[PDB]
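1. turn this into a model:
(one chain, ligands or ions: 3)
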Amino acid sequence: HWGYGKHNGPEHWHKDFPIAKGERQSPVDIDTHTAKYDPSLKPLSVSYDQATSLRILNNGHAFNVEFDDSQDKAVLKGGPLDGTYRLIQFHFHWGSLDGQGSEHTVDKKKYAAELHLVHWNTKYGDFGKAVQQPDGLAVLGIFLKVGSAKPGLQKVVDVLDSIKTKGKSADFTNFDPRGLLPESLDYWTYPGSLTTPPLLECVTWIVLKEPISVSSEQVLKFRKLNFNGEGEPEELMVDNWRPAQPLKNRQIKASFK
Ligand SMILES: NS(=O)(=O)c1ccc(S[C@@H]2O[C@H](CO)[C@@H](O)[C@H](O)[C@H]2O)cc1
Ligand SMILES: NS(=O)(=O)c1ccc(S[C@@H]2O[C@H](CO)[C@@H](O)[C@H](O)[C@H]2O)cc1
Ligand SMILES: [Zn+2]
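-> Numbering: from 1, shown residues only. Ligands and ions are numbered 1, 2, ... in the order given. Below is the structure in question.
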């Protein structure tokens with residue numbers, strides 16, 4: 001029953017998920033002047049050459065592109081991380097307008113959308129166990145701005161008509177998530193949470209500095225999705241973003257000078 005509407009949106013979530021007002025909640029505003037360069041941070045290692053995409057699902061909140069995470073096929077290592085994080089799914093958050101949609105902000109700047117590549121720590125064996133651990137997840141966050149098309153996104157945009165409503169899924173094999181990356185892997189990193197209920201404080205956030213460009217037509221097709229199930233009143237899936245949460249006792253570190 002949590003959602004992004006007038007009556008079940010982020011300001012309501014604390015009533016069922018009290019951790020909503022916790023000490024390490026996500027997203028946050030990235031104040032670029034206060035983030036400290038950490039020369040001890042390693043380059044990120046994104047190893048997606050063997051990625052196996054399986055399926056795309058409208059879950060009533062976003063759409064997830066799901067991967068085979070039963071082996072080390074698509075992993076994130078290095079940067080702030082200790083050990084190996086396996087890609088399980090990616091999804092986006094986006095706006096009703098180009099002026100909003102991202103969850104993270106940069107000097108209070110909102111982007112049109114934000115991609116989340118979600119990875120779990122293989123020392124915890126499965127995703128359900130990982131989300132119970134302070135270092136269980138690594139989420140790679142990538143900002144989207146509207147401009148030139150992202151060629152590697154179009155296979156996602158073209159299948160959305162087949163999963164318009166909540167609970168619909170479609171086969172989505174041989175998708176290469178490398179086509180969603182910017183040129184540079186420069187990043188900010190801080191400890192945080194899932195940005196949807198249950199808002200567990202289990203995430204190392206790695207947010208890329210360089211946004212990707214998508215076309216107006218690409219993001220317009222995201223905004224044709226539905227939050228509702230088939231045969232229910234149409235509610236456009238837009239503005240599925242949580243706003244910036246208090247930083248509290250946390251330091252955002254930069255991989256770059
Ligand atoms: N975010 S949360 O999990 O704390 C949560 C929040 C709200 C509710 S009731 C709410 O009422 C509204 C007007 O009737 C309806 O329009 C909403 O759909 C319905 O969800 C239930 C749970
Ligand atoms: N925005 S975020 O990157 O912080 C984030 C938030 C939550 C999860 S998982 C959990 O389970 C599934 C997804 O596997 C989904 O179907 C569920 O709805 C979702 O709540 C994962 C990442
Ligand atoms: Zn997300």
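
2. residues of the stretch 1-150 of the chain that sit close to ligand 1?
-> Contact residues (C-beta under 6 Å from any ligand atom) of the stretch 1-150 of the chain with ligand 1: 1-2, 5, 7-8, 12-13, 15-16. The C-beta positions use only the backbone N, C-alpha and C, and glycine is treated the same way.

3. next one: the residue lying farthest from the centre of the chain from residue 164, what distance?
-> What lies farthest from the middle of the chain is residue 231; by C-alpha atoms, centre = their mean that is 28.7 Å. Using C-beta to C-beta, to the nearest Å, residue 231 is found at 12 Å from residue 164.

4. which of the residues of the stretch 1-150 of the chain next to ligand 1 are buried?
-> 2, 12-13 (16 or more other C-beta atoms under 10 Å).

5. can you map out the strands along the stretch 101-250 of the chain?
-> 105-106, 113-121, 137-146, 169-171, 187-192, 203-208, 212-214 (DSSP state E, counting those that start in this stretch).

6. which one, of the ones you listed, ends up nearest to residue 238?
-> strand 113-121 (10.4 Å; C-beta to C-beta).

7. now render the strands of the stretch 101-250 of the chain as TSV, adding distance to residue 23 and mean neighbour count.
-> Formatted as TSV, the strands of the stretch 101-250 of the chain follow (distance: least, C-beta to C-beta, whole Å; neighbours: other C-beta atoms under 10 Å):
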stretch	distance to residue 23	mean neighbour count
strand 105-106	20	18
strand 113-121	21	25
strand 137-146	17	23
strand 169-171	36	13
strand 187-192	10	22
strand 203-208	13	24
strand 212-214	31	21
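
8. quick one: those as JSON lines, columns for distance to residue 66 too.
-> Compiled in JSON lines, those are given as follows (distance: least, C-beta to C-beta, whole Å):
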{"stretch": "strand 105-106", "distance to residue 66": "28"}
{"stretch": "strand 113-121", "distance to residue 66": "10"}
{"stretch": "strand 137-146", "distance to residue 66": "15"}
{"stretch": "strand 169-171", "distance to residue 66": "9"}
{"stretch": "strand 187-192", "distance to residue 66": "23"}
{"stretch": "strand 203-208", "distance to residue 66": "19"}
{"stretch": "strand 212-214", "distance to residue 66": "21"}
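
9. turn the ones you listed into JSON lines, columns for distance to ligand 2.
-> What follows is these, written out as JSON lines (distance: least, C-beta to the nearest ligand atom, whole Å):
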{"stretch": "strand 105-106", "distance to ligand 2": "15"}
{"stretch": "strand 113-121", "distance to ligand 2": "4"}
{"stretch": "strand 137-146", "distance to ligand 2": "4"}
{"stretch": "strand 169-171", "distance to ligand 2": "11"}
{"stretch": "strand 187-192", "distance to ligand 2": "8"}
{"stretch": "strand 203-208", "distance to ligand 2": "6"}
{"stretch": "strand 212-214", "distance to ligand 2": "17"}
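
10. those strands: which one's closest to residue 53?
-> Minimum separation from residue 53 across the strands of the stretch 101-250 of the chain (C-beta to C-beta) falls at strand 169-171, 9.5 Å.

11. picking up where we left off before, which of the residues of the stretch 1-150 of the chain next to ligand 1 lies closest to ligand 2?
-> For those, the minimum distance to ligand 2 (C-beta to the nearest ligand atom) is 9.4 Å, reached by residue 2.

12. what's the helix or strand for the closest one?
-> Counting by DSSP states H and E, no helix or strand carries residue 2.

13. ok, and the closest non-adjacent residue to it?
-> Nearest in space to residue 2, with sequence neighbours left out and distances taken as C-beta to C-beta, 6 or more residues apart in numbering, is residue 197 at 4.7 Å.

14. the one you found and residue 12 touch, don't they?
-> No - in this structure, residue 197 is not within contact of residue 12 by C-beta atoms under 8 Å, at 10.1 Å.
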